[PDB]
Amino acid sequence: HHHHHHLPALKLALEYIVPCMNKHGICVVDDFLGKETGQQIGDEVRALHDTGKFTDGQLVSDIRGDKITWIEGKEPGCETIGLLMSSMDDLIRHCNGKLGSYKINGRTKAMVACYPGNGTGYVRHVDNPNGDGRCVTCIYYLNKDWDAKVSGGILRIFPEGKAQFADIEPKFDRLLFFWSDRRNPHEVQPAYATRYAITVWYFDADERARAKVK
Ligand SMILES: Cc1nc(Cc2ccc(-c3ccccc3)cc2)nc(C(=O)NCC(=O)O)c1O
Ligand SMILES: [Cl-]
Ligand SMILES: [Fe+2]
């Protein structure tokens, strides 16, 4: 619909992501890339799944019934995942220096995750409990016409010492940010349909450096 227009990265970062993160430690951004790019992402992820590039989750870490694959972004057939990753980077670049006291200087590759339905989820956990440098978790969802009433698969976040929790449906073209540390324990509710997500973690220069030394 031609009546809608994309917020530039700078505008989205400063008018929404930065305040939202500093206040709530969680930020949801819908309609990040648009339908075409989102569908292409979905295609690429399904291809990775179909061509058997995923490793079982309970082998990497029971905790989980998921399976994952790491994507650098430049691999043949992963170009659109590459663009997603660069788009994530753009947002973060416009945030850097305003997300708490963090100084973002790098990130992980993208972890593509698949919950193959059939009741698979992920128990309550913290992404970075041992201060390994990862300060912000960034997740992109690409599940066309997801209905959590039927399929479940809600990400529930329990921000530390808050009287509220957050239910995030893994909606098509939804982007999510949250603090990676103990401030945000979270769980994936059982999924009853194939559930895909793509996650990167951004590093704090200081913590990352201290993680490697000590
Ligand atoms: C598979 C998987 N695993 C983890 C935990 C976790 C993963 C990776 C690292 C890590 C990363 C880079 C270097 C070292 C460790 C640490 C912890 N949380 C989720 C999750 O919250 N999902 C939410 C959702 O999908 O909506 C998940 O799906
Ligand atoms: Cl508010
Ligand atoms: Fe997690």
Side-chain angles (χ1 to χ4, degrees), residues 1 4 16-17 20 24-71 77-78 80-81 83-85 87-88 110-127 137-159 162-180 184-201:
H1 199 53
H4 298 254
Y16 191 68
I17 299 175
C20 207
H24 305 307
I26 300 167
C27 180
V28 174
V29 177
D30 280 308
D31 305 313
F32 179 44
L33 291 188
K35 182 157 61 179
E36 174 175 55
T37 303
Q39 190 70 17
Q40 294 189 253
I41 299 282
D43 292 344
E44 295 184 356
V45 171
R46 280 181 295 263
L48 289 175
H49 190 186
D50 289 349
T51 63
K53 298 301 171 62
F54 283 72
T55 307
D56 218 60
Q58 192 58 20
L59 220 175
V60 319
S61 301
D62 56 6
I63 316 168
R64 48 203 288 174
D66 70 303
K67 60 189 185 299
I68 61 162
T69 186
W70 288 105
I71 299 301
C78 295
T80 323
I81 299 165
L83 168 66
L84 163 71
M85 285 165 81
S87 305
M88 282 178 183
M111 176 188 83
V112 182
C114 177
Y115 297 78
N118 298 116
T120 58
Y122 205 116
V123 296
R124 195 179 171 131
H125 65 283
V126 164
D127 281 357
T137 303
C138 183
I139 312 177
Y140 180 74
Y141 301 105
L142 51 303
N143 307 292
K144 261 287 179 185
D145 304 305
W146 187 268
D147 174 44
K149 279 271 65 61
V150 171
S151 301
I154 289 173
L155 169 65
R156 181 163 289 163
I157 312 176
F158 313 85
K162 305 205 169 189
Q164 280 196 115
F165 62 98
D167 283 4
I168 320 297
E169 298 175 310
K171 261 176 51 72
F172 178 78
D173 193 41
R174 169 171 284 179
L175 187 73
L176 170 71
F177 301 84
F178 61 84
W179 304 128
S180 300
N184 287 305
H186 56 282
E187 70 191 14
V188 178
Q189 294 279 309
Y192 296 102
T194 307
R195 183 190 186 282
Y196 294 120
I198 302 173
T199 305
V200 301
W201 293 262

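Numbering starts at 1 and runs along the sequence shown.
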Chemist: What's the spacing between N143 CG and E169 CD if we round to 0.5 Å?
Modeler: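 So the gap between those two atoms works out to 11.0 Å.
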
Chemist: To the nearest 0.5 angstrom, please state how far the CD1 atom of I198 sits from the CE atom of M85.
Modeler: 9.0 Å

Chemist: Counting only N and O atoms by type, is there a donor-acceptor contact under 3.5 Å from the side chain of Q189 to the main-chain atoms of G121?
Modeler: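 No, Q189 side chain to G121 backbone: no donor-acceptor pair under 3.5 Å.
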
Chemist: Kindly compute the distance separating NZ (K162) from CD1 (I26), expressed to the nearest 0.5 Å.
Modeler: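 Taking NZ in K162 and CD1 in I26, the distance rounds to 7.5 Å.
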
Chemist: Minimum heavy-atom separation for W146 to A193, with atom names?
Modeler: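 Looking at all heavy atoms of both residues, the closest pair is CH2-O, 3.6 Å.
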
Chemist: List the atom of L175, the atom of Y140, and the distance in Å for their closest heavy-atom pair.
Modeler: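 Looking at all heavy atoms of both residues, the shortest contact is CD1-CB, 4.1 Å.
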
Chemist: Do you know which two heavy atoms are closest between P159 and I157, and how far apart they sit?
Modeler: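 What the structure gives for the nearest pair is CD-O, 3.2 Å.
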
Chemist: Any heavy-atom pair between the side chains of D147 and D145 that's under 4.5 Å?
Modeler: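 Answer no - side chains too far apart.
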
Chemist: With a sphere of 6.0 Å drawn around NZ of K35, does it hold more than 12 non-hydrogen atoms of other residues, nucleotides or ligands?
Modeler: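 Check fails, neighbour count at 12 or below.
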
Chemist: Indicate the atoms forming the closest heavy-atom contact of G153 with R195, along with that distance.
Modeler: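 Scanning both residues completely, I find the closest heavy atoms to be O-NE, 2.7 Å.
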
Chemist: Apply side chain to side chain contact (heavy atoms under 4.5 Å, CB included) to residues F32 and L84 and explain how you reach the verdict.
Modeler: CA-CA 9 Å; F32 179 44; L84 163 71; 4.0 Å; yes

Chemist: Find out whether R156 and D167 are in side-chain contact, i.e. whether some heavy atom of one side chain is under 4.5 Å from a heavy atom of the other.
Modeler: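 Yes. Closest side-chain heavy atoms under 4.5 Å.
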
Chemist: Supply the atom-to-atom distance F54 CZ to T69 OG1, rounded to the nearest 0.5 angstrom.
Modeler: 6.0 Å

Chemist: Assign the ring pair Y115 / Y122 to parallel, tilted or perpendicular, where the plane angle (0 to 90°) is split at 30° and 60°.
Modeler: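 Rings of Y115 and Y122: perpendicular, as their planes differ by over 60°.
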
Chemist: Which one of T137, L176, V112, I68 satisfies the side chain to side chain contact (heavy atoms under 4.5 Å, CB included) criterion with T199?
Modeler: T137

Chemist: Any side-chain heavy atom of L48 sitting closer than 4.5 Å to one from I81?
Modeler: yes

Chemist: Return yes when atom CG of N118 has more than 12 non-hydrogen atoms of other residues, nucleotides or ligands closer than 6.0 Å, and no otherwise.
Modeler: no

Chemist: I need the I139 CD1 to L155 CG distance, nearest 0.5 Å.
Modeler: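 It is 5.5 Å, given to the nearest 0.5 Å.
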
Chemist: First locate atom CG of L83, then atom CE of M88, and finally report the distance between them rounded to the nearest 0.5 Å.
Modeler: 10.5 Å

Chemist: Any side-chain heavy atom of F158 within less than 4.5 Å of one from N184?
Modeler: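 They are not in contact (no side-chain heavy atoms under 4.5 Å apart), so the answer is no.
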
Chemist: Over all heavy atoms of both residues, which pair between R124 and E187 is shortest? Give the atoms and the distance, please.
Modeler: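 Reported closest heavy-atom pair: N-CB, 3.6 Å.
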
Chemist: Of the non-hydrogen atoms in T194 and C114, which two are nearest, and what is the gap between them?
Modeler: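 That would be CG2-SG, 4.0 Å.
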
Chemist: Should the pair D56-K67 be classified as a salt bridge under the 4.0 Å nitrogen-to-oxygen rule?
Modeler: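 Looking at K67 together with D56, the answer is no, because their closest N to O distance does not fall below 4.0 Å.
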
Chemist: Got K171 and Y141 here, is their nearest side-chain heavy-atom distance under 4.5 Å?
Modeler: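 Sidechains of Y141 and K171: no contact.
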
Chemist: Is any side-chain N of the basic residue among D66 and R64 closer than 4.0 Å to the acidic one's carboxylate O?
Modeler: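 Judged by the 4.0 Å cut-off on N to carboxylate O distance, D66 and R64 do form a salt bridge.
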
Chemist: Does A148 offer a backbone N or O that forms a donor-acceptor pair with the side chain of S151 under 3.5 Å?
Modeler: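 It does not hold such a pair.
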
Chemist: Can you list the steps and then say if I168 with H186 is a side chain to side chain contact (heavy atoms under 4.5 Å, CB included)?
Modeler: CA-CA 10 Å; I168 320 297; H186 56 282; over 6 Å; no

